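K.L.:
Following this message is one structure expressed as structure tokens.
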Amino acid sequence: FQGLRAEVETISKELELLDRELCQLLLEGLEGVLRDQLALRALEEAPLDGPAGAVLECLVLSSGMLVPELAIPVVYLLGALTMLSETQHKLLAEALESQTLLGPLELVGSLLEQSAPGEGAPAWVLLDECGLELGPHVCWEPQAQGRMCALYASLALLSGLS
Amino acid sequence: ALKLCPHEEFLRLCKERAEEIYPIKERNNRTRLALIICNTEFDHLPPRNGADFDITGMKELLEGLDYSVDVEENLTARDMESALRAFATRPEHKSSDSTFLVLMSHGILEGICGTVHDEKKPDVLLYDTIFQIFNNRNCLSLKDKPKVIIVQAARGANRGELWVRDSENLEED
Amino acid sequence: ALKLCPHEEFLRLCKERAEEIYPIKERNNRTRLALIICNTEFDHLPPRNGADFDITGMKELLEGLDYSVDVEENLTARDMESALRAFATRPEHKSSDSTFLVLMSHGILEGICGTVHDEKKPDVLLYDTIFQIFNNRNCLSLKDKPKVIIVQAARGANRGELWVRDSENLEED
Amino acid sequence: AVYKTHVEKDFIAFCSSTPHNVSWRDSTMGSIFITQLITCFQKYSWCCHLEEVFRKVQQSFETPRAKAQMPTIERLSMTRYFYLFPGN
Amino acid sequence: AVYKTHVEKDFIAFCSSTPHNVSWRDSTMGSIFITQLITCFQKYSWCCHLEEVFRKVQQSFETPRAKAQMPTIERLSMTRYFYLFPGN
């Protein structure tokens, strides 16, 4: 967990250096990329417009060249988001629009620390999409570790822009 | 190379800007002193390789400005404080008109790091300590004389760059 | 009275020192803003008597320098911070070229005191907070524009006088 | 497009007293620091930039009439000279 | 007799980076801050005082290529201009 949190902070610290207006335009573009997976599949091949087009305008210069100091953090965020389902993606943007990322990030970090190896609750939804047995319930199944670690990165990186 | 000031402009400035500029001792009877402290090797911090180039450059520059340059390398916070108080007590400043203090090491916002500095074992010299050493109370030979403190120590771990709408072979101190 | 620079020297200076001086927006289409914060009455400190004369003097001076002067008095540390972000977010700075921030209160090496400040109950606005508010990250309308912070608050409270070999009716801030 | 810039730039702070020291202010006259600053601005703004005016202030504070204080400049990030050009 | 003087006076500190920020250094070329300061001294010492030379340094650090740095002046207590007069 400590090595995972350090791997997250090495990118979260470098995304705090992005501008306030650029963080809002990046957040607006990613919330738009949510609704349309047509933008998600084009990252591996990668001017354009739209949700990913707005994100593209955030990470290019006057000549359109990529900024590796800013493209790599976005590549790492998309790499942690691909391990999650579209239901988890849409619930993450629900937490984005509600601007209450402190609660779920705190709970995921507290769980992730303990695990060294209910119905109608988004966290439970979130945990049901992860693959846990819901009903305290400290019982942890390792089959969902990677998605929860990717969820933690999908949470902390957004808090770095909050 | 370091360009020199012609004799005309030096004297004209001394005539027409007497009360606005700091006085100068006679070149014949002057003893300008400067001090350089530079920590390059550490036990828990990456090495500051290449600082030797900065040491010789500053030393040669200050020598061109007619300064006797003292050099200290790789010291602890106690040794750095002791070296500073020893430099402040040297009597040649009575025959001097100014001084330079070139500090080069890792640092934080509070001050400059020593050789054996760590987050758990902090070995740091505060910037306020320097001004305390060279103020008019502890150093009386440099009263009413310029005191130039040129430091190179990063003061935070955050980069100092942003991004606004419209080489790479260097280490970080 | 405030003497003015003739138009000729203004135009010549901008011509011969273009890359060395900060640019100026045309006086006709300019919206220079300045901010004054001044705490005079406190709950645990004596009041900064006469401060207003300083208040009126600074206001008239900045108006002579073609600045629209907003004035705030007797705020808490939270209220002072809130007023500062509100001033930093004002859109007239996009049509301005500079800004002034005049703050008058008692202060500590760390910053400036509010109205409800005490040793056990500190109400203090930090200097670092100001730079955080008006840096290029939080304030983008004042990018590449001068930012003048004129403060009057002793930061140590230990008299700043000595004695070396060779009126008085005022309170202390 | 996007370009690189600094986080901190073009800053200048003029404090009434040196660190750990007292700033003075008179009940009948206001504060000495502000009074001298206003006087130096009235006399030198038309020909000296802001930083040069701050020197004229400090020049007036060399010998201490009665109380002794020295205004100091801190966190100076300006890369250019700021001429105010009064009347322009 | 005995007279009054200030506790702090005639100080000037030139730091390689703004607060909370990183200073850079190249193995083969030394440090960017020291190299620029030395170059500005070689080019402007004979006609510009110490503070004016420091401005020339900051001007060279205005627009930033690759990594961005801004050397800042702090605790400026000088009441006069310090011309070095190289060669005199």
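To be explicit about the labels: the chains of the structure tokens are called A, B, and onward in the order shown, and within each one the residues are counted from 1, while ligands get numbers from 1 in the order they are shown.
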What are the closest atom pairs, with distances in Å to one decimal, for all residues of chain E lying within 6 Å of chain C? Consider only C-alpha atoms, order rows by chain and residue number, and present the result as a Markdown table.
P.N.:
| residue | atom | partner | partner_atom | distance |
| --- | --- | --- | --- | --- |
| E:2 | CA | C:165 | CA | 4.9 |
| E:3 | CA | C:163 | CA | 5.5 |
| E:4 | CA | C:163 | CA | 5.0 |
| E:5 | CA | C:162 | CA | 5.3 |
| E:6 | CA | C:161 | CA | 4.7 |
| E:7 | CA | C:160 | CA | 5.4 |
K.L.:
Write out as a PyMOL selection string which residues come within 8 Å of residue 96 of chain B when counting only C-alpha atoms, dropping same-chain ones fewer than 6 positions away.
P.N.:
chain B and resi 25+30-33
K.L.:
Is it possible to see chain E as a compact mmCIF listing (two decimals) with N, CA, C and O atoms, in the first residue's frame, once it has been laid onto chain D by a least-squares fit on every C-alpha atom in order?
P.N.:
# COMPACT_ATOMS: atom_id res chain seq x y z
N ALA E 1 -2.19 26.48 -28.29
CA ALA E 1 -1.00 25.97 -27.62
C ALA E 1 -0.92 26.45 -26.17
O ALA E 1 -1.70 27.31 -25.75
N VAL E 2 0.01 25.88 -25.42
CA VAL E 2 0.23 26.21 -24.01
C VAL E 2 1.73 26.35 -23.80
O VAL E 2 2.52 25.59 -24.38
N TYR E 3 2.14 27.32 -22.99
CA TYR E 3 3.54 27.63 -22.78
C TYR E 3 3.87 27.69 -21.30
O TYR E 3 2.99 27.72 -20.44
N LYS E 4 5.17 27.71 -21.01
CA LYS E 4 5.67 27.72 -19.64
C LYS E 4 5.78 29.14 -19.10
O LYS E 4 6.18 30.07 -19.82
N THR E 5 5.42 29.30 -17.83
CA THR E 5 5.65 30.53 -17.09
C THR E 5 6.05 30.17 -15.67
O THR E 5 5.93 29.01 -15.24
N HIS E 6 6.51 31.16 -14.93
CA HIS E 6 6.89 30.93 -13.54
C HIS E 6 5.65 30.94 -12.66
O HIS E 6 4.60 31.48 -13.01
N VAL E 7 5.78 30.31 -11.49
CA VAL E 7 4.71 30.37 -10.50
C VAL E 7 4.70 31.73 -9.82
O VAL E 7 3.65 32.37 -9.68
N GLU E 8 5.87 32.19 -9.38
CA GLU E 8 6.03 33.49 -8.76
C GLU E 8 6.87 34.39 -9.66
O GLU E 8 7.90 33.96 -10.19
N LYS E 9 6.43 35.63 -9.83
CA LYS E 9 7.13 36.59 -10.68
C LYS E 9 6.57 37.98 -10.42
O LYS E 9 5.41 38.13 -10.02
N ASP E 10 7.42 38.99 -10.64
CA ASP E 10 7.01 40.39 -10.64
C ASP E 10 6.43 40.83 -9.30
O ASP E 10 5.54 41.68 -9.25
N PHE E 11 6.92 40.25 -8.22
CA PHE E 11 6.52 40.61 -6.87
C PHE E 11 7.56 41.52 -6.23
O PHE E 11 8.75 41.43 -6.53
N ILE E 12 7.09 42.39 -5.34
CA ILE E 12 7.98 43.21 -4.52
C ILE E 12 7.24 43.62 -3.26
O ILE E 12 6.11 44.14 -3.32
N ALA E 13 7.85 43.39 -2.11
CA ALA E 13 7.27 43.71 -0.81
C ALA E 13 8.16 44.71 -0.10
O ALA E 13 9.38 44.52 -0.02
N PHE E 14 7.56 45.78 0.42
CA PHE E 14 8.27 46.81 1.16
C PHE E 14 7.73 46.82 2.58
O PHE E 14 6.60 47.27 2.82
N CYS E 15 8.53 46.33 3.52
CA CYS E 15 8.12 46.22 4.91
C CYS E 15 8.66 47.41 5.70
O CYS E 15 9.73 47.94 5.40
N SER E 16 7.91 47.82 6.72
CA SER E 16 8.24 49.03 7.46
C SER E 16 9.48 48.87 8.33
O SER E 16 10.11 49.87 8.68
N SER E 17 9.84 47.64 8.70
CA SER E 17 10.95 47.42 9.61
C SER E 17 11.67 46.14 9.22
O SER E 17 11.11 45.24 8.59
N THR E 18 12.95 46.06 9.61
CA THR E 18 13.72 44.85 9.44
C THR E 18 13.11 43.73 10.29
O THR E 18 12.34 43.99 11.21
N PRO E 19 13.42 42.47 9.97
CA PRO E 19 12.88 41.36 10.77
C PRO E 19 13.23 41.51 12.25
O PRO E 19 14.26 42.08 12.62
N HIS E 20 12.33 40.99 13.09
CA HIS E 20 12.46 41.00 14.55
C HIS E 20 12.48 42.41 15.13
O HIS E 20 12.89 42.60 16.28
N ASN E 21 12.04 43.41 14.38
CA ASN E 21 12.16 44.79 14.83
C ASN E 21 10.81 45.50 14.78
O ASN E 21 9.86 45.04 14.13
N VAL E 22 10.76 46.63 15.47
CA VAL E 22 9.52 47.38 15.70
C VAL E 22 9.39 48.48 14.66
O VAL E 22 10.38 49.12 14.28
N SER E 23 8.16 48.71 14.20
CA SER E 23 7.82 49.88 13.40
C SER E 23 7.06 50.88 14.27
O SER E 23 6.25 50.49 15.11
N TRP E 24 7.34 52.16 14.06
CA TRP E 24 6.82 53.23 14.90
C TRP E 24 5.74 54.01 14.16
O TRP E 24 5.68 54.01 12.92
N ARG E 25 4.88 54.67 14.93
CA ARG E 25 3.76 55.42 14.38
C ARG E 25 3.36 56.52 15.35
O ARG E 25 3.19 56.27 16.54
N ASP E 26 3.19 57.73 14.82
CA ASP E 26 2.84 58.91 15.62
C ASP E 26 1.35 59.20 15.49
O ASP E 26 0.79 59.15 14.39
N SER E 27 0.72 59.49 16.62
CA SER E 27 -0.72 59.77 16.63
C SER E 27 -1.05 60.99 15.76
O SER E 27 -2.00 60.96 14.97
N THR E 28 -0.27 62.06 15.90
CA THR E 28 -0.59 63.31 15.20
C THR E 28 -0.10 63.32 13.75
O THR E 28 -0.69 64.03 12.92
N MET E 29 0.95 62.57 13.43
CA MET E 29 1.57 62.63 12.12
C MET E 29 1.43 61.34 11.32
O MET E 29 2.01 61.23 10.24
N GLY E 30 0.68 60.37 11.83
CA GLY E 30 0.67 59.07 11.18
C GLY E 30 1.96 58.31 11.45
O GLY E 30 2.58 58.42 12.51
N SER E 31 2.38 57.53 10.45
CA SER E 31 3.55 56.68 10.59
C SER E 31 4.74 57.28 9.84
O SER E 31 4.59 57.88 8.78
N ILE E 32 5.94 57.11 10.42
CA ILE E 32 7.15 57.65 9.81
C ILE E 32 7.41 56.97 8.47
O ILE E 32 7.82 57.62 7.50
N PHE E 33 7.18 55.66 8.40
CA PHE E 33 7.42 54.91 7.17
C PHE E 33 6.52 55.39 6.04
O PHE E 33 6.98 55.67 4.93
N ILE E 34 5.21 55.49 6.31
CA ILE E 34 4.27 55.89 5.27
C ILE E 34 4.49 57.35 4.87
O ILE E 34 4.42 57.70 3.69
N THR E 35 4.76 58.22 5.85
CA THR E 35 5.00 59.62 5.55
C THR E 35 6.21 59.79 4.64
O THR E 35 6.16 60.56 3.66
N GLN E 36 7.30 59.09 4.94
CA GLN E 36 8.49 59.19 4.09
C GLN E 36 8.25 58.58 2.72
O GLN E 36 8.71 59.13 1.71
N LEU E 37 7.53 57.46 2.65
CA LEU E 37 7.23 56.85 1.36
C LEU E 37 6.38 57.78 0.50
O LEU E 37 6.63 57.93 -0.70
N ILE E 38 5.37 58.42 1.10
CA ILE E 38 4.53 59.34 0.36
C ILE E 38 5.33 60.55 -0.11
O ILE E 38 5.18 61.01 -1.24
N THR E 39 6.21 61.07 0.76
CA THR E 39 7.03 62.21 0.37
C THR E 39 7.97 61.86 -0.78
O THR E 39 8.12 62.64 -1.73
N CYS E 40 8.60 60.68 -0.71
CA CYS E 40 9.51 60.27 -1.78
C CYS E 40 8.76 60.05 -3.09
O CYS E 40 9.29 60.32 -4.17
N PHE E 41 7.52 59.55 -3.01
CA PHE E 41 6.72 59.40 -4.23
C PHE E 41 6.36 60.75 -4.83
O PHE E 41 6.44 60.94 -6.05
N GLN E 42 5.98 61.72 -3.99
CA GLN E 42 5.64 63.04 -4.50
C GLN E 42 6.85 63.73 -5.12
O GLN E 42 6.70 64.54 -6.04
N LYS E 43 8.06 63.40 -4.65
CA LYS E 43 9.27 64.09 -5.08
C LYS E 43 10.03 63.36 -6.18
O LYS E 43 10.81 64.00 -6.90
N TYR E 44 9.84 62.04 -6.33
CA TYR E 44 10.68 61.26 -7.24
C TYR E 44 9.91 60.32 -8.16
O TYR E 44 10.55 59.54 -8.88
N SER E 45 8.58 60.35 -8.17
CA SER E 45 7.84 59.43 -9.02
C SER E 45 7.98 59.78 -10.50
O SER E 45 7.97 58.89 -11.35
N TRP E 46 8.10 61.07 -10.81
CA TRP E 46 8.13 61.52 -12.20
C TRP E 46 9.44 61.18 -12.91
O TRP E 46 9.51 61.34 -14.13
N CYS E 47 10.46 60.73 -12.18
CA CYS E 47 11.76 60.47 -12.78
C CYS E 47 12.46 59.22 -12.26
O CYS E 47 13.48 58.84 -12.84
N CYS E 48 11.96 58.57 -11.22
CA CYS E 48 12.59 57.38 -10.66
C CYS E 48 11.57 56.26 -10.59
O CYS E 48 10.41 56.48 -10.21
N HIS E 49 11.99 55.06 -10.97
CA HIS E 49 11.10 53.91 -10.92
C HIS E 49 10.81 53.52 -9.48
O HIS E 49 11.38 54.06 -8.52
N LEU E 50 9.89 52.55 -9.33
CA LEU E 50 9.41 52.15 -8.01
C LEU E 50 10.56 51.76 -7.08
O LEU E 50 10.61 52.19 -5.92
N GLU E 51 11.49 50.95 -7.58
CA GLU E 51 12.61 50.51 -6.76
C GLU E 51 13.52 51.67 -6.39
O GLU E 51 14.00 51.75 -5.25
N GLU E 52 13.77 52.58 -7.34
CA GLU E 52 14.60 53.74 -7.04
C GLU E 52 13.93 54.64 -6.01
O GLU E 52 14.63 55.26 -5.19
N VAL E 53 12.60 54.72 -6.02
CA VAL E 53 11.90 55.48 -4.99
C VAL E 53 12.06 54.80 -3.63
O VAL E 53 12.23 55.48 -2.61
N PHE E 54 12.00 53.47 -3.59
CA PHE E 54 12.20 52.75 -2.33
C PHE E 54 13.60 52.98 -1.77
O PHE E 54 13.77 53.02 -0.54
N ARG E 55 14.60 53.12 -2.63
CA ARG E 55 15.94 53.44 -2.16
C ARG E 55 15.98 54.84 -1.54
O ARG E 55 16.59 55.04 -0.48
N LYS E 56 15.35 55.82 -2.19
CA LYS E 56 15.25 57.16 -1.62
C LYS E 56 14.62 57.12 -0.24
O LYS E 56 15.00 57.89 0.65
N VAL E 57 13.64 56.24 -0.04
CA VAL E 57 13.04 56.05 1.28
C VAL E 57 14.08 55.54 2.26
O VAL E 57 14.24 56.08 3.37
N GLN E 58 14.80 54.48 1.88
CA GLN E 58 15.79 53.89 2.78
C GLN E 58 16.92 54.87 3.08
O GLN E 58 17.46 54.89 4.19
N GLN E 59 17.31 55.69 2.09
CA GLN E 59 18.29 56.74 2.34
C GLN E 59 17.80 57.69 3.42
O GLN E 59 18.58 58.11 4.29
N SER E 60 16.52 58.06 3.39
CA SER E 60 15.97 58.92 4.43
C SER E 60 15.97 58.23 5.79
O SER E 60 15.85 58.92 6.82
N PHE E 61 16.09 56.91 5.83
CA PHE E 61 16.11 56.15 7.07
C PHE E 61 17.51 55.69 7.45
O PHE E 61 17.66 54.91 8.40
N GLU E 62 18.54 56.16 6.74
CA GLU E 62 19.91 55.77 7.00
C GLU E 62 20.35 56.18 8.40
O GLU E 62 20.39 55.35 9.31
N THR E 63 20.69 57.45 8.58
CA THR E 63 21.01 57.94 9.91
C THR E 63 19.73 58.03 10.74
O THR E 63 18.72 58.55 10.25
N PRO E 64 19.66 57.56 11.98
CA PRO E 64 18.39 57.59 12.65
C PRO E 64 18.32 58.64 13.76
O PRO E 64 19.19 58.67 14.56
N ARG E 65 17.28 59.46 13.72
CA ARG E 65 17.06 60.46 14.79
C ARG E 65 16.14 59.76 15.79
O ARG E 65 15.17 59.17 15.32
N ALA E 66 16.49 59.78 17.07
CA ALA E 66 15.67 59.10 18.10
C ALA E 66 15.51 57.64 17.69
O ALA E 66 16.52 57.00 17.41
N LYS E 67 14.28 57.14 17.61
CA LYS E 67 14.08 55.71 17.27
C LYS E 67 14.63 55.42 15.87
O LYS E 67 14.45 56.25 14.99
N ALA E 68 15.24 54.25 15.69
CA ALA E 68 15.87 53.86 14.41
C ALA E 68 15.10 52.74 13.73
O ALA E 68 14.89 51.71 14.35
N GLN E 69 14.78 52.93 12.45
CA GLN E 69 14.04 51.98 11.63
C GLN E 69 14.67 51.88 10.26
O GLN E 69 15.27 52.84 9.75
N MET E 70 14.54 50.70 9.66
CA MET E 70 15.02 50.48 8.30
C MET E 70 13.99 49.68 7.52
O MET E 70 13.85 48.47 7.73
N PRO E 71 13.25 50.31 6.61
CA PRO E 71 12.36 49.53 5.74
C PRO E 71 13.17 48.67 4.78
O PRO E 71 14.17 49.10 4.22
N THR E 72 12.72 47.42 4.61
CA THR E 72 13.44 46.45 3.80
C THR E 72 12.56 45.93 2.67
O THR E 72 11.33 45.88 2.79
N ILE E 73 13.21 45.55 1.58
CA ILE E 73 12.55 44.94 0.42
C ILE E 73 12.72 43.44 0.51
O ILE E 73 13.79 42.95 0.90
N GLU E 74 11.68 42.69 0.16
CA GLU E 74 11.73 41.24 0.28
C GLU E 74 10.94 40.59 -0.85
O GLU E 74 10.01 41.18 -1.40
N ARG E 75 11.32 39.35 -1.16
CA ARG E 75 10.73 38.55 -2.24
C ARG E 75 10.61 39.37 -3.52
O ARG E 75 9.54 39.47 -4.13
N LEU E 76 11.73 39.95 -3.94
CA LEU E 76 11.78 40.77 -5.14
C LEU E 76 11.88 39.86 -6.36
O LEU E 76 12.94 39.29 -6.63
N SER E 77 10.78 39.73 -7.09
CA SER E 77 10.72 38.88 -8.27
C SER E 77 10.64 39.66 -9.57
O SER E 77 10.54 39.06 -10.64
N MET E 78 10.68 40.99 -9.50
CA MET E 78 10.54 41.81 -10.70
C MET E 78 11.71 41.60 -11.64
O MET E 78 12.88 41.64 -11.23
N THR E 79 11.41 41.38 -12.92
CA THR E 79 12.42 41.25 -13.95
C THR E 79 12.56 42.51 -14.79
O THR E 79 13.39 42.55 -15.71
N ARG E 80 11.77 43.54 -14.50
CA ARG E 80 11.84 44.81 -15.20
C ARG E 80 11.68 45.93 -14.19
O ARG E 80 11.29 45.70 -13.04
N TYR E 81 11.99 47.15 -14.61
CA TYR E 81 11.79 48.32 -13.78
C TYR E 81 10.39 48.88 -14.00
O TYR E 81 9.91 48.96 -15.14
N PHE E 82 9.73 49.25 -12.91
CA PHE E 82 8.33 49.69 -12.94
C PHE E 82 8.30 51.20 -12.77
O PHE E 82 8.28 51.71 -11.64
N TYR E 83 8.27 51.92 -13.88
CA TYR E 83 8.03 53.35 -13.85
C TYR E 83 6.53 53.61 -13.83
O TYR E 83 5.79 53.06 -14.64
N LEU E 84 6.09 54.46 -12.90
CA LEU E 84 4.67 54.74 -12.77
C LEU E 84 4.19 55.80 -13.75
O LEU E 84 3.01 55.79 -14.13
N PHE E 85 5.07 56.72 -14.16
CA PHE E 85 4.74 57.82 -15.05
C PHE E 85 3.51 58.58 -14.56
O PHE E 85 2.43 58.44 -15.14
N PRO E 86 3.63 59.37 -13.49
CA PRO E 86 2.45 60.10 -13.00
C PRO E 86 1.93 61.08 -14.05
O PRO E 86 2.70 61.83 -14.66
N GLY E 87 0.62 61.05 -14.26
CA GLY E 87 0.00 61.88 -15.28
C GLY E 87 -0.10 61.25 -16.65
O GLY E 87 -0.51 61.94 -17.59
N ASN E 88 0.27 59.99 -16.81
CA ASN E 88 0.20 59.32 -18.10
C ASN E 88 -0.39 57.92 -17.97
O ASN E 88 -1.01 57.59 -16.97
K.L.:
Determine, counting only C-alpha atoms, which protein, DNA and RNA residues have an atom within 10 Å of an atom of residue 173 of chain B; residues of the same chain fewer than 3 positions away are not included. Present the result as a list in words.
P.N.:
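Contacts, in chain order: residues 45, 46, 47, 48, 104, 105, 106, 107, 108, 152, 153, 154, 155, 156, 157 and 170 of chain B; 22, 23, 24, 25 and 31 of chain E.
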K.L.:
Need the shell around residue 83 of chain A: protein/DNA/RNA residues with any atom at most 12 Å away, counting only C-alpha atoms. Skip same-chain ones fewer than 4 positions apart. Format as a VMD selection string?
P.N.:
chain A and resid 76 to 79 87 to 89 129 to 130 144 to 154
K.L.:
Please tabulate, as JSON lines, the residues of chain A that come within 7 Å of chain D, each with its closest pair of atoms and the distance in Å to one decimal, counting only C-alpha atoms and ordering rows by chain, then residue number upward.
P.N.:
{"residue": "A:57", "atom": "CA", "partner": "D:1", "partner_atom": "CA", "distance": 6.8}
{"residue": "A:60", "atom": "CA", "partner": "D:1", "partner_atom": "CA", "distance": 6.2}
{"residue": "A:61", "atom": "CA", "partner": "D:1", "partner_atom": "CA", "distance": 4.8}
{"residue": "A:62", "atom": "CA", "partner": "D:1", "partner_atom": "CA", "distance": 4.8}
K.L.:
Dump C-alpha atoms for the selected residues as a tab-separated table (two decimals), in the first residue's frame?
P.N.:
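Result went into selection_11.tsv, see below:
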chain	number	residue	atom	x	y	z
A	57	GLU	CA	-6.21	21.33	-26.51
A	60	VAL	CA	-0.49	20.62	-26.91
A	61	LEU	CA	1.60	23.64	-27.87
A	62	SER	CA	1.15	26.20	-30.65
K.L.:
Select residues of chain C: the criterion is any atom within 10 Å of an atom of chain A, counting only C-alpha atoms; output as a PyMOL selection string.
P.N.:
chain C and resi 136-140
